[PDB]
Ligand SMILES: CCOP(=O)(O)OCC
Ligand SMILES: [Co+2]
Ligand SMILES: [Co+2]
Ligand SMILES: [Co+2]
Ligand SMILES: [Co+2]
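Residue numbers (UniProt numbering), protein chains in the order written: chain A, 35 to 364; chain B, 35 to 364.
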């Protein structure tokens, strides 16, 4: 009946319009505190995030789920600061992405389970802020270590009711193996969002996962290098499919009958240090609306394509609350 | 020039008997703060380190150089805390070891130079604690990223007079390529310690570097898996060359006239999370003396082998002060 945020528990009603895959800052463990000048300053970064979150809020957003893990350099104290300043709820994450350091990579499934449970049940670092989601990642067939991460994630989720959300390379159809591993632990698909799923045009891959009860994370909508195709790093990260093509997968799934399984987001950030130095600026050039891109551009676009506003509210308000509210079987 | 410690700059007169390659805790960036329980608790880790440092102090040690980098999960606040409690000087390090996260590995040589310079000239994180040494690493032929790090280290050293110290795969003679890259940047060898050099039996290789002006880091002396050879993880880490064999390399270098080029250490730690879970316990079982192993075991061993106390004081006191005191040519 409550969802953990960086400012404490909130009710389902309070969550309102929720972006389910976002980042305050995409970085690495310890990096923001060691090298804040990378971002101009910590103060500059915070101010940029507050401005963006306020614009998102003005456009209707009430909550974001920051899926930054330990190895994305999640700094929950920065999350609490910007959540307060912008008056937008922020759900923090545990789990591991695809940059774990040796102190993580050398750990067993039982140890990883203890760590994910600590961040959910006890708190992150010494902040007392508890995670409300578990983030995991594969990029192709899981490595032995990623299998342990996925199993530990399933176990943390089975012990707490907190859902799991994933990074995929969708072109690799990663969600199928992720699903196999999750189900081998007995995790309910209702507690799992297969992320970056808008990276594929293969609808049957998505419908087949949806038919099994998985949530489908269409969270990369504004990610496009259209207009800057000769920028190799940007093209590699963002792809060359338009935002409109990605958004139309939302309508496709609705039409098939899976509106209840759909989660949408921007996968935006306000700082970004794990890639080429100025990738944040290039991204801002692509999508000046930032996290307001979903409410400001995607929802009117889908309404124009005939999707009722009520279906869109179901997707952006009802689905996220059902997903996040702790349970073993939603 | 004054030597930066975690309690502020000290004079050469103050350094005393110095261990030039040690760790309070070998971990990963952000790890200690995210998962202190891995070490029992932060409090427990600190207590263990204070006990250890006090044992070292009682055996004659006055200063250690903690060569833990950002990616070894260096926590200078912990270093400051135990330095004060044990009244042993601690010199902190900048540079990068073998586990840089993406936010570091994506960086240019100029960017890395700026980061190393920040940690030397400005301070580490927001603590104001300034590094007194730069740590780098190769394991065999340098990776392209490692080439950048060594060049950036050379440049930071050339701007500050703070010396560079290295990890090597000694049996592969990594020191020769490191030397080549350092000299291609114009770095004086008198500002460079080639570490883990007691890992090799090749005295030709060691004396050729020493004659060129390099410091030779015989810093692994108590590292040995003798008595636990069937422990694959410990054997891989510690090797099976005896401590006596390593120590006799000190005498060998002395006997060939290179006493001024020698720096000796334990490469000990009070915490260890980047390997198998209980490796610290296994290590403590190998060497209950911890950082006191050099003064209590090695010095008397060498005395018995005929090395005069005065040569040993030159190695353990005179050499480290000359190495550490900032200069572009020692
Ligand atoms: C953090 C440990 O670093 P190392 O000295 O390379 O290995 C120590 C056993
Ligand atoms: Co991702
Ligand atoms: Co993301
Ligand atoms: Co080393
Ligand atoms: Co070391």
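Note that the Cβ used here is the ideal one computed from N, Cα and C, for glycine as well.
Roughly how many angstroms separate the alpha carbons of residue i and residue j, rounded to a whole number?
i: residue 41 (chain A); j: residue 163 (chain B); result: 32 Å
i: residue 354 (chain B); j: residue 75 (chain B); result: 33 Å
i: residue 115 (chain A); j: residue 360 (chain B); result: 40 Å
i: residue 219 (chain B); j: residue 190 (chain B); result: 11 Å
i: residue 254 (chain B); j: residue 110 (chain B); result: 23 Å
i: residue 89 (chain A); j: residue 326 (chain A); result: 7 Å
i: residue 308 (chain A); j: residue 288 (chain A); result: 35 Å
i: residue 364 (chain A); j: residue 356 (chain A); result: 7 Å
i: residue 296 (chain B); j: residue 256 (chain A); result: 59 Å
i: residue 172 (chain B); j: residue 210 (chain B); result: 11 Å
i: residue 283 (chain B); j: residue 240 (chain B); result: 10 Å
i: residue 130 (chain B); j: residue 223 (chain B); result: 19 Å
i: residue 45 (chain A); j: residue 37 (chain A); result: 6 Å
i: residue 64 (chain B); j: residue 64 (chain A); result: 5 Å
i: residue 186 (chain A); j: residue 317 (chain B); result: 29 Å
i: residue 194 (chain B); j: residue 102 (chain B); result: 19 Å
i: residue 175 (chain B); j: residue 229 (chain B); result: 15 Å
i: residue 149 (chain A); j: residue 68 (chain B); result: 9 Å
i: residue 277 (chain A); j: residue 301 (chain A); result: 13 Å
i: residue 342 (chain B); j: residue 334 (chain B); result: 10 Å
Which residue or residues does DSSP assign as beta-bridge partners of residue i?
i: residue 306 (chain B); result: B:60
i: residue 250 (chain B); result: B:228, B:296
i: residue 201 (chain B); result: B:171
i: residue 321 (chain B); result: DSSP output for residue 321 (chain B) lists no bridge partner at all.
i: residue 53 (chain B); result: B:98
i: residue 21 (chain A); result: Shown here, chain A extends from 35 to 364; a query on residue 21 (chain A) therefore has no answer.
i: residue 128 (chain B); result: B:168
i: residue 123 (chain B); result: B:97
Please report whether the beta-carbon of residue i lies at a distance below 8 Å from any beta-carbon of chain B.
i: residue 310 (chain A); result: yes
i: residue 307 (chain A); result: yes
i: residue 62 (chain A); result: yes
i: residue 74 (chain A); result: no
i: residue 192 (chain A); result: no
i: residue 107 (chain A); result: yes
i: residue 140 (chain A); result: yes
i: residue 104 (chain A); result: yes
i: residue 149 (chain A); result: yes
i: residue 357 (chain A); result: no
i: residue 216 (chain A); result: no
Is it the case that the Cβ atoms of residue i and residue j are separated by a distance below 8 Å?
i: residue 94 (chain B); j: residue 132 (chain B); result: no
i: residue 215 (chain B); j: residue 262 (chain B); result: no
i: residue 251 (chain A); j: residue 54 (chain A); result: yes
i: residue 259 (chain A); j: residue 268 (chain A); result: yes
i: residue 98 (chain B); j: residue 56 (chain B); result: yes
i: residue 345 (chain B); j: residue 298 (chain B); result: no
i: residue 104 (chain B); j: residue 139 (chain B); result: no
i: residue 314 (chain A); j: residue 324 (chain A); result: no
i: residue 169 (chain A); j: residue 127 (chain A); result: yes
i: residue 182 (chain B); j: residue 125 (chain B); result: no
i: residue 107 (chain B); j: residue 62 (chain B); result: yes
i: residue 336 (chain A); j: residue 294 (chain A); result: no
i: residue 227 (chain B); j: residue 243 (chain B); result: no
i: residue 122 (chain B); j: residue 96 (chain B); result: yes
i: residue 320 (chain B); j: residue 272 (chain B); result: yes
Taking only beta-carbon atoms, is residue i less than 8 Å away from chain A?
i: residue 112 (chain B); result: no
i: residue 189 (chain B); result: no
i: residue 68 (chain B); result: yes
i: residue 157 (chain B); result: no
i: residue 137 (chain B); result: yes
i: residue 133 (chain B); result: yes
i: residue 304 (chain B); result: no
i: residue 179 (chain B); result: no
i: residue 51 (chain B); result: no
i: residue 327 (chain B); result: no
i: residue 335 (chain B); result: no
Residues of chain E with a CB under 8 Å from the CB of residue i: which are they?
i: residue 152 (chain A); result: The chain labelled as chain E is not found among the protein chains of the depicted structure, namely A and B.
The segment 197-211 of chain A / the segment 149-165 of chain A touching (three or more Cβ pairs under 8 Å): Three or more beta-carbon pairs separated by less than 8 Å are not found between the segment 197-211 of chain A and the segment 149-165 of chain A, which leaves the two stretches without contact.
Any 3 or more C-beta pairs closer than 8 Å across the segment 204-211 of chain B and the segment 226-245 of chain B: Touching, yes.
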